[PDB]
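Only one chain is included here, represented as C-alpha coordinates and corresponding to the form solved without N-methyladenosine (6MD).
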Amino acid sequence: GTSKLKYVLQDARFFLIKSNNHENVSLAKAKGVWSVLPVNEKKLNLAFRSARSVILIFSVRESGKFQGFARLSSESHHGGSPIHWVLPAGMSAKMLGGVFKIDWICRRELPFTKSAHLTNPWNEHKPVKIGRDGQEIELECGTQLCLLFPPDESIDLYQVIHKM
(Lines give C-alpha, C1' and ligand atoms only; values in the text may rest on other atoms or scores of the structure.)
Protein backbone atom coordinates (compact mmCIF):
# COMPACT_ATOMS: atom_id res chain seq x y z
CA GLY A 1 0.00 0.00 0.00
CA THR A 2 0.87 3.69 -0.01
CA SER A 3 -0.28 4.61 3.50
CA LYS A 4 2.98 4.18 5.40
CA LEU A 5 4.76 5.96 2.54
CA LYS A 6 2.41 8.94 2.84
CA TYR A 7 2.98 8.92 6.61
CA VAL A 8 6.75 9.10 6.15
CA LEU A 9 6.33 11.98 3.66
CA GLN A 10 3.95 14.02 5.83
CA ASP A 11 5.38 17.50 6.49
CA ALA A 12 8.69 16.37 4.97
CA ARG A 13 11.27 18.46 3.18
CA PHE A 14 12.56 17.32 -0.21
CA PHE A 15 15.86 17.92 -2.01
CA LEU A 16 16.93 17.12 -5.56
CA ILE A 17 20.25 15.26 -5.36
CA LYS A 18 22.46 14.86 -8.42
CA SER A 19 25.06 12.16 -8.95
CA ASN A 20 27.82 12.35 -11.53
CA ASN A 21 27.58 8.61 -12.19
CA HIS A 22 25.60 5.47 -11.52
CA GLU A 23 28.43 3.99 -9.44
CA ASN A 24 27.91 6.52 -6.63
CA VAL A 25 24.17 5.81 -6.51
CA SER A 26 24.92 2.07 -6.38
CA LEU A 27 27.30 2.66 -3.46
CA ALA A 28 24.66 4.78 -1.74
CA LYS A 29 22.03 2.05 -2.22
CA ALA A 30 24.35 -0.64 -0.85
CA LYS A 31 25.78 1.29 2.10
CA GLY A 32 23.00 3.71 3.05
CA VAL A 33 25.21 6.80 2.83
CA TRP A 34 25.55 9.99 0.83
CA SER A 35 28.06 12.84 0.79
CA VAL A 36 27.64 16.36 -0.59
CA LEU A 37 29.81 19.44 -0.99
CA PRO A 38 29.98 21.83 2.01
CA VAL A 39 27.38 24.29 0.69
CA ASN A 40 24.83 21.46 0.59
CA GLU A 41 26.10 19.75 3.75
CA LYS A 42 25.11 22.87 5.70
CA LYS A 43 21.72 23.08 3.99
CA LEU A 44 20.93 19.43 4.72
CA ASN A 45 22.12 19.57 8.33
CA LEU A 46 19.88 22.62 8.80
CA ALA A 47 17.01 20.75 7.14
CA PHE A 48 17.54 17.58 9.19
CA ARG A 49 16.96 19.46 12.44
CA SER A 50 13.98 21.36 11.01
CA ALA A 51 11.58 18.65 9.82
CA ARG A 52 10.32 15.20 10.77
CA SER A 53 11.61 13.77 7.45
CA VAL A 54 14.20 15.01 4.96
CA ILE A 55 13.88 13.20 1.62
CA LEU A 56 16.68 13.06 -0.98
CA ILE A 57 15.43 12.35 -4.52
CA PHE A 58 18.32 11.05 -6.64
CA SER A 59 19.08 11.63 -10.31
CA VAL A 60 22.20 10.53 -12.19
CA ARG A 61 23.36 13.33 -14.48
CA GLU A 62 22.28 12.84 -18.12
CA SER A 63 20.32 9.66 -17.29
CA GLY A 64 16.90 11.19 -17.94
CA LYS A 65 15.61 9.49 -14.79
CA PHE A 66 15.41 9.56 -11.04
CA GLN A 67 16.96 6.46 -9.42
CA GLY A 68 14.98 6.47 -6.17
CA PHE A 69 14.64 8.39 -2.94
CA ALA A 70 15.81 8.06 0.65
CA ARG A 71 15.29 9.65 4.05
CA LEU A 72 18.10 11.26 6.04
CA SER A 73 18.63 9.36 9.29
CA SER A 74 21.52 11.47 10.61
CA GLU A 75 23.37 14.73 10.28
CA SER A 76 26.70 14.55 8.48
CA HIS A 77 29.64 12.88 10.22
CA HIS A 78 33.35 12.56 9.45
CA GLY A 79 35.93 9.85 10.11
CA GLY A 80 33.79 6.75 9.57
CA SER A 81 34.49 3.90 7.19
CA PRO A 82 35.67 5.64 3.98
CA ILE A 83 33.42 5.51 0.93
CA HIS A 84 35.15 5.02 -2.42
CA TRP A 85 33.11 7.58 -4.35
CA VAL A 86 33.92 8.05 -8.03
CA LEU A 87 35.16 11.63 -7.93
CA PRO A 88 35.08 13.74 -11.11
CA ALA A 89 37.37 16.47 -12.53
CA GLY A 90 40.12 17.11 -9.94
CA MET A 91 38.11 16.98 -6.75
CA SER A 92 39.44 15.22 -3.65
CA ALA A 93 37.69 13.06 -1.07
CA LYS A 94 38.09 15.92 1.43
CA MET A 95 35.82 18.20 -0.62
CA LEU A 96 32.90 15.80 -0.06
CA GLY A 97 33.20 16.32 3.69
CA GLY A 98 30.79 14.52 5.96
CA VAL A 99 28.74 11.39 5.41
CA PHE A 100 24.98 11.36 5.90
CA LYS A 101 23.32 8.09 6.80
CA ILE A 102 20.17 7.44 4.76
CA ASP A 103 17.33 4.93 4.71
CA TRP A 104 16.12 4.09 1.25
CA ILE A 105 12.39 4.47 0.75
CA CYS A 106 12.36 3.51 -2.93
CA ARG A 107 15.21 2.06 -5.01
CA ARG A 108 13.11 1.98 -8.20
CA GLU A 109 13.63 4.43 -11.05
CA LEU A 110 11.22 6.99 -12.52
CA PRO A 111 11.74 8.49 -15.99
CA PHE A 112 11.57 12.27 -16.30
CA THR A 113 8.85 11.81 -18.92
CA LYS A 114 6.54 10.73 -16.09
CA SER A 115 7.04 13.86 -13.92
CA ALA A 116 6.50 16.37 -16.73
CA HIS A 117 3.30 17.61 -15.06
CA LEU A 118 5.10 18.58 -11.82
CA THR A 119 6.65 22.03 -11.41
CA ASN A 120 8.76 23.17 -8.47
CA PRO A 121 7.75 26.58 -7.02
CA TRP A 122 11.22 26.94 -5.45
CA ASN A 123 12.85 26.78 -8.90
CA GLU A 124 10.67 29.24 -10.84
CA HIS A 125 8.04 26.53 -11.52
CA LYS A 126 10.38 24.73 -13.87
CA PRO A 127 9.75 20.99 -14.23
CA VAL A 128 10.84 19.26 -11.03
CA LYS A 129 13.55 17.34 -12.93
CA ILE A 130 15.37 20.68 -13.35
CA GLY A 131 17.57 21.92 -10.54
CA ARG A 132 21.10 22.23 -9.27
CA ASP A 133 22.36 19.62 -6.84
CA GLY A 134 20.68 20.40 -3.53
CA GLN A 135 17.68 22.28 -4.97
CA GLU A 136 14.83 22.15 -2.47
CA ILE A 137 11.50 20.85 -3.80
CA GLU A 138 8.35 22.36 -2.28
CA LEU A 139 6.22 19.99 -0.16
CA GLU A 140 3.31 19.34 -2.53
CA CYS A 141 5.50 18.89 -5.61
CA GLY A 142 7.92 16.65 -3.73
CA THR A 143 5.14 14.52 -2.27
CA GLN A 144 3.51 14.00 -5.66
CA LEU A 145 6.89 13.23 -7.24
CA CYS A 146 7.63 10.54 -4.66
CA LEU A 147 4.17 9.00 -5.12
CA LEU A 148 4.81 8.60 -8.87
CA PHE A 149 7.63 6.12 -8.29
CA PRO A 150 6.81 2.42 -8.68
CA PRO A 151 6.16 0.81 -5.30
CA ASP A 152 9.29 -0.90 -3.96
CA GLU A 153 8.05 -4.16 -2.42
CA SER A 154 11.50 -4.89 -0.99
CA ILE A 155 11.29 -2.05 1.58
CA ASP A 156 9.32 -2.21 4.84
CA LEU A 157 8.69 1.33 6.09
CA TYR A 158 7.91 0.09 9.62
CA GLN A 159 11.50 0.59 10.82
CA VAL A 160 11.76 4.00 9.12
CA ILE A 161 8.62 5.17 10.93
CA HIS A 162 10.18 4.16 14.26
CA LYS A 163 13.14 6.51 13.70
CA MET A 164 10.82 9.50 13.33
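Counting begins at 1, following the sequence as shown.
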May I ask you to compare 42-50 and 62-70 by their mean CA B factor in the entry and name the higher one?
42-50
Per the PDB record, is the mean Cα temperature factor higher over 91-99 or over 27-35?
91-99
Lowest, middle or highest third: which one holds residue 5 when the chain's residues are ordered by CA B-factor from the entry?
lowest
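Note that the form solved in complex with N-methyladenosine (6MD) isn't included here; everything after this is about it.
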Exactly one listed stretch (62-70, 49-57, 101-109, 28-36) reaches within 4.5 angstroms of N-methyladenosine (6MD) in the deposited complex by non-hydrogen atoms, and it is 28-36
Can any non-hydrogen atom of residue 88 be found within 4.5 angstroms of N-methyladenosine (6MD) in the deposited complex?
yes
Under a 4.5 Å heavy atom criterion, is residue 96 part of the interface with N-methyladenosine (6MD) in the deposited complex?
yes
Although the partner isn't part of this model, could you tell me whether residue 20 comes within 4.5 Å of N-methyladenosine (6MD) in the deposited complex, counting any heavy atom of the residue?
yes
Since only the chain is shown here, I'm wondering whether residue 133 would be in contact with N-methyladenosine (6MD) in the deposited complex (any heavy atom pair within 4.5 Å).
yes
